[PDB]
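Protein sequences, first through last, are from chains B, B', A and A'. A prime marks a further copy of an entry chain.
By the entry's author numbering, the letter at position 3 of the first sequence is numbered 796, and the numbering carries on one by one without gaps.
By the entry's author numbering, the letter at position 3 of the second sequence is numbered 796, and the numbering carries on one by one without gaps.
By the entry's author numbering, the letter at position 311 of the third sequence is numbered 318, and the numbering carries on one by one without gaps.
By the entry's author numbering, the letter at position 112 of the fourth sequence is numbered 119, and the numbering carries on one by one without gaps.
Below is one structure; the comments refer to it alone.
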Amino acid sequence: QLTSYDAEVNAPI
Amino acid sequence: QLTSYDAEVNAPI
Amino acid sequence: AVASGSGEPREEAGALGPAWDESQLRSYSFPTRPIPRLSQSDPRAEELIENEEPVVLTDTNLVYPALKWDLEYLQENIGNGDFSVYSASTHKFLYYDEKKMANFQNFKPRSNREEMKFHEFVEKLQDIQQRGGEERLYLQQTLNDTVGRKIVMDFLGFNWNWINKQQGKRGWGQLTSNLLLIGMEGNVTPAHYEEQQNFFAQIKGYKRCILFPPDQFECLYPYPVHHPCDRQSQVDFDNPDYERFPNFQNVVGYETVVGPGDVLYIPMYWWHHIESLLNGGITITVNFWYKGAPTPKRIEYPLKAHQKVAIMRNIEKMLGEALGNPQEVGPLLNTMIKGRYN
Amino acid sequence: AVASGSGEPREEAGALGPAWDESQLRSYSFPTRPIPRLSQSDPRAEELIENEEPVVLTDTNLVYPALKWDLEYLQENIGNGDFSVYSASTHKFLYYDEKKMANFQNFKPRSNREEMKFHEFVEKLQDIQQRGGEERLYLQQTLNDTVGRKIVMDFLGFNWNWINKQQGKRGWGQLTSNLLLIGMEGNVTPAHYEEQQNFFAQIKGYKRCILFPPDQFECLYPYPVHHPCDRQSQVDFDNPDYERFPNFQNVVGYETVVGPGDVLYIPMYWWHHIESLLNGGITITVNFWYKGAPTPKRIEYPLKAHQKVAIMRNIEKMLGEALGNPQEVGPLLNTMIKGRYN
Ligand SMILES: O=C(O)CCC(=O)C(=O)O
Ligand SMILES: O=C(O)CCC(=O)C(=O)O
Ligand SMILES: [Zn+2]
Ligand SMILES: [Zn+2]
């Protein structure tokens, strides 16, 4: 789970 | 869970 | 020779001269080598995407119907939704997350967001040029269902066949957003990485894209994860502070200049710096952001760079949560390391 | 005046002179204040344990039947199990975890463990003194069911009534072990902390116990968690390296000298340095190690020092596991912080 990742980008969710 | 702790002491488990 | 950067400008068809020239590119302190510019049909291209390395594809027809877009056509057809338009008095449009600003009271953004209608954006833009002003605007808005019908018909004409097969072949998640970016010549988006995959489709004008692999994390000094500028480099590429950022002396880029019709694969976690060419007029781009593949249910060693980056982000996030306040994250990390691991 | 250290030595009953004197204490670079020495019946004592602060209790009768123990009585009664006996040519018996040594090939313990029968321990000890040798021994063995019957009867005579009410009142877990420690005069156990609670029951001879609160973590520089010397201070108290360990200049201790009949509450996570008085003859102690209370199902702020220590340990442990190798923990942490949080 330490290699899990979310999906943040240069734009509002 | 980051504040959970085990029970290590200066003696073999 | 091998740090050839963007290469010699390509010649436009019908002897219309070089598409741009070297004087239109800002100058930086680090060297760069070219990103490969290939045909969509070329196995090497497929090999690059498969390995999560950048490639400029020249003939995908991804956004063929958008190629006719310009301000008039869009003012006429894009509808009456609100568009986020950033305003600044510097060329650098540093991205910041407004939801994180409450925790960093002393963060003072150099760029301001104004919501406005497309026609207002074109007016404001027109006003500037006419009164010869220095302010800059960058419109950055996700495409959504308020857009008019011709834009809908354009979008639907995108090469979904080609890009859906990419999404499938790579095992990526869902398409999350298509950002429409419209910028004034000389605008820069400073270096950052994204936690999604990106096919970056250039429509109007020229952009120089400088990329760095995930393994340059140590040279690029991202802001703390809870800072508004999470994922963005702290380094001012126009005036690098080598005392604070010594390893920016070791940074090496991959670069290209994309124009109308080109699509740049920006692989997830790859750093990128994006500039609209000096004296190039306005630029338009639309991007395509996919969630990446699920991580293996079990991890294989040696770990890759991007997996260490994911780890580092999760450690900062968990610390912020456990300590109850993001500003304690640094003091704790320092106490962890000083005299013990440094 | 208020850094009074251990205080003026107490006078033994029947005018048998000071129990020890100041010349028997090693000298260190930091100051200390006294640990309170109280009666078991004294509400302040109860208040101290409740707050997890150290207190020497003078009249618990915890190990009353062990007070007659000496080498002869124990050689005669302790049975024929094996006893771990550490051997060294320095006064410092740095604890190390043998299961962690595989990962730190370059760790070279200054002390060696030899398994041997109690009678062999007394012989070896006798040999040394007679040939006037310099080697030192420290026997450190958990008490178990191989011990002879009088030892069983002694143990059973301990003040379980008093200590079981402590365990209950504090919400502690199970008693896990009773270590029997038998040491030669001038032996030192260098500073470390334990992840259990400890009532430390002195039986024969005198020990000076120097404690530091969990909030001195930054001054005491524990080894990395995956190192054999996890929980132990890196600092050589006899020759402190202020360049590597600058904050050891700020360290402040709590000290006491315990003798026969005294019990020292060493609260979980409190650092302690333990020395058998110079020219004091042999020492015997038996300790009582309890798991601490379960942590609250939810955490209240502000967090306490020992909870930050727990956090730091869990971050190191998780990193070691995720990276697949403990030796990568430091490089990762450093990459995390440099130019970002320091
Ligand atoms: O073109 C720009 O200015 C920024 C685009 C970008 O960073 C992205 O699409 O991920
Ligand atoms: O007395 C000694 O030398 C060490 C005892 C100790 O560290 C303990 O009981 O936790
Ligand atoms: Zn981006
Ligand atoms: Zn201890």
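Beta carbons: idealized from backbone N, C-alpha and C, even for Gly.
A'/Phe162 has its Cβ no nearer than 7 angstroms to any heavy atom of ligand 2. Taking C-alpha positions only, A'/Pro274 is separated from A'/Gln203 by approximately 8 angstroms. Taking a Cβ-Cβ threshold of 9 angstroms, none of the residues of chain A' is close to A/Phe114; the smallest such distance is about 15 angstroms. Chain B' has a Cβ within less than 8 angstroms of the Cβ of A'/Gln203. Counted as a single uninterrupted DSSP element, the beta strand (DSSP E) harbouring A/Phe207 occupies residues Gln204 to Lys211.
Along the segment 316-336 of chain A', the positions whose C-beta sits under 8 angstroms from a C-beta of chain B' are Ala317, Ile318, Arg320, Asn321 and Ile322, read in chain order. Listed in chain order, the non-local C-beta contacts of A/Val92 below 6 angstroms within the same chain comprise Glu121, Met123, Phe128, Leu144 and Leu146, local neighbours out to five positions each way being set aside. DSSP, reduced to helix, strand and coil, places A'/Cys216 within a strand of the structure shown.
Taking 8 angstroms as the upper bound on Cβ-Cβ separation, chain B' lies near no residue of the segment 25-46 of chain A'. Taking A/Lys311 as the centre and dropping the five residues before and after it, the same chain places no C-beta closer than 7 angstroms to its C-beta.
In terms of Cβ geometry, A'/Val265 and A'/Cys216 form a close pair [threshold 8 angstroms].
Counting other Cβ atoms within 10 Å of its Cβ, A'/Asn286 stays below 16 and is therefore classed as exposed. The beta carbon of A'/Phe244 sits no closer than 7 angstroms to any heavy atom of ligand 2. Within the chosen limit of 7 angstroms, ligand 2 does not reach the beta carbon of A/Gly346 with any heavy atom.
One Cα belongs to A/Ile281, the other to A/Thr196, and the distance between them is close to 5 angstroms. Within chain A', no residue has its beta carbon less than 7 angstroms from that of A/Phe162; the closest one is some 40 angstroms off.
Counting the other CB atoms within 10 Å of its CB gives A/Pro220 a total of 16 or more, which places it among the buried residues. Nearest Cα to A/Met191 within the set A/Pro247, A/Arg156, A/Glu57 and A/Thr292: A/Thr292. Sequence-distant Cβ neighbours of A/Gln47 in its own chain, meaning closer than 6 angstroms and more than five residues away, are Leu64, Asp66 and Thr67. The continuous beta strand (DSSP E) containing A/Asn119 extends over residues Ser118 to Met123. Contacts between A'/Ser13 and chain B', judged by CB atoms closer than 8 angstroms, are missing: the closest CB pair is about 23 angstroms apart.
When 7 angstroms is used as the limit between beta carbons, A/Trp278 is near no residue of chain B, the shortest such separation being about 12 angstroms.
The CB of A'/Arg238 never comes closer than 9 angstroms to any CB in chain A; the least such distance is about 12 angstroms.
When only Cα atoms are considered, A'/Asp222 and A'/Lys107 end up about 26 angstroms apart. Non-local beta-carbon contacts of A/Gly327 in its own chain, meaning distances under 7 angstroms to residues more than five positions away in sequence, involve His233, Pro333 and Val336 in chain order.
Spatial neighbours of A'/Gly140 in its own chain (CB-CB distance under 6 angstroms, excluding positions within 5 residues in sequence) are not present. Across the set A/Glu59, A/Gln173 and A/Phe207, the C-alpha of A/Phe207 shows the shortest separation from the C-alpha of A/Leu188.
The C-alpha of A'/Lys304 is placed about 27 angstroms away from the C-alpha of A'/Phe295. Between the alpha carbons of A/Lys324 and A'/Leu340 lies a gap of roughly 14 angstroms. For A'/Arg143, DSSP records a beta bridge to A'/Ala95.
In this structure, A'/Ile42 has its CB at a distance of at least 7 angstroms from all heavy atoms of ligand 2. Scanning its chain for C-beta atoms nearer than 7 angstroms, with the 5 sequence neighbours on each side dropped, one finds around A'/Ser184 the residues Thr149 and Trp296, in chain order.
For A/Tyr261, there are no neighbours in chain B by C-beta distance under 9 angstroms, as the nearest C-beta there is about 19 angstroms away.
One Cα belongs to A/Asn119, the other to A/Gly14, and the distance between them is close to 35 angstroms. A'/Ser30 sits in a helix when the DSSP states are folded into three classes. Using a 10 angstroms sphere on the CB of A'/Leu284, the tally of other CB atoms reaches 16 or more, which defines it as buried.
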